[PDB]
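Presented below is the structure to which this report refers.
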């Protein structure tokens, strides 16, 4: 699911469920950022 | 070289653009001759209304070139009529030095939609050879330098020249030298138990937040004593010096609390100069508290620059206990960091 | 099988225009306060017309 | 009645224009007498194709009260050290009118100027020293 | 001329590029004898009246 969110975040941040996750579950967004950090985006 | 009774100094202004342009996986040019790879538009700080772009044809533009790499420079937007310039291209090799450098000796004129360059720039076999290393890891790196000429101007240094010395406008130094004298101060002003004898007239003149606070039901009774506790005297005297003299020379040593006070007082110039001070001090260990102060003080540009710092140093900034504390205390900052590092970058 | 796609330009600009600072306050604020005409410390009547200053 | 004038052009290798163009300087005089205004019109290319490859330099009188002015001018170029070099002097007291120029068309070869070993173009800057005698 | 009508009018076809102190003209504008002949009427009252566009 973390991989899927990293893949399809272009709509997930628009959907309201991600906002609920941001509000209530800070650690989930932190762990998704940690996976997104050292993977699938380090070229720039 | 004797002394001249009159001299003149003719100054043709020149500005320099410097540009890098890297194509990944170049062997997948993916098409035949005539095709073009435009670059993103680029400029410098001044005037920033002239926008240039690169056109590179991987195959031959013409039937005479064919097995040739061709590049051109194209000017897309000109607020003036015409701009004269010289360009110089060079392919960076595997190590990074400039090779195959070709330039136009002529200061070509430029209009919107007009493009100039080298069709016969570098041989295709010479590029595609691996021994010269002109294509390291199928990455093509192009460095262009653009030199734009402007109008000449003469300062006319002929002598006798109104030979009295003209001082500049003296609003700043005259107001600055009155603080140590402490004259014309109608009221008192104490911060954190320390007295700083200043008056409300020039403060009301030079800070609209404070003046709007002054006219509303405080000057009738508590004009003489005003309660300020948000800053220490070392920040308050620096802000008072900035108000009177117009500058804050003691910036680097206390840039952070000066920025906090400036965010409190909506002093945009003080905020941006403290942000300029702190941008060069971006570091792995301090990035988390830098982000926290930027978010609290709504410095969007500093937030973006720190986001870029975290993007460039994501290998080590995350495991810092400061960033862990920022995670545990500020979910929104981590959410925005994820949004920027995901949507914009990839 | 390798499918190629339309390329995209990242469009970086190091140091760009920095923060694009607003107008100065060295002597503008004098003029802004005079336009707002507040803190009327005195009323000097000279040749009939009235002028205010500090 | 000796005027002296040290005129400096920077980034001259960006002469910025083609054959037969002009670059005017500032109008100058001395504190005495001060109503005879002069300006150097230099041409980075040749003025004419008959004598191409030349830095044709002229002296042009813009403001004059009288009908004519008799003057002798001497042009010179300072090198990297700063001494007077290529001192070309007009032997005659040439007559000047409002809107009239005199000078040396075959003043100096451009190829002779462009040698970096000669030191006649230091830091892409050229300094012209002109001495004018009005009789 | 004496009647004031245009005579010996000519123009350069190109749009010339002028700079600070650059001159462009016709060196061979008119025959001096054609000007000086009184019968042509081009020098009325010893007055040369010129027009420029």
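All positions are counted from 1 along the displayed chain.
Method of determination (from the header): electron microscopy, 4.3 Å.
For all residues, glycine too, the Cβ spot is worked out from N, Cα and C.
Features of the protein shown, as given by Swiss-Prot:
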DOMAIN    B:16-146  domain 'MATH'
DOMAIN    B:158-282  domain 'BTB'
REGION    B:56-176  region 'Required for nuclear localization'
REGION    B:108-118  region 'Important for binding substrate proteins'
REGION    B:171-202  region 'Important for homodimerization'
REGION    B:282-340  region 'Important for homodimerization'
Going along the chain, which residues at least six beyond the ends of the region 'Important for homodimerization' (B:171-202) come within the CB cut-off of under 8 Å? 214, 219, 223-226, 228-229, 231-233, 236-237, 240-241, 243-246
DSSP assigns the residues of the region 'Important for homodimerization' (B:171-202) as 14 helix, 4 strand, 14 coil
With DSSP, how much of the domain 'MATH' (B:16-146) is helix, how much strand and how much coil, in residues? 8 helix, 63 strand, 60 coil
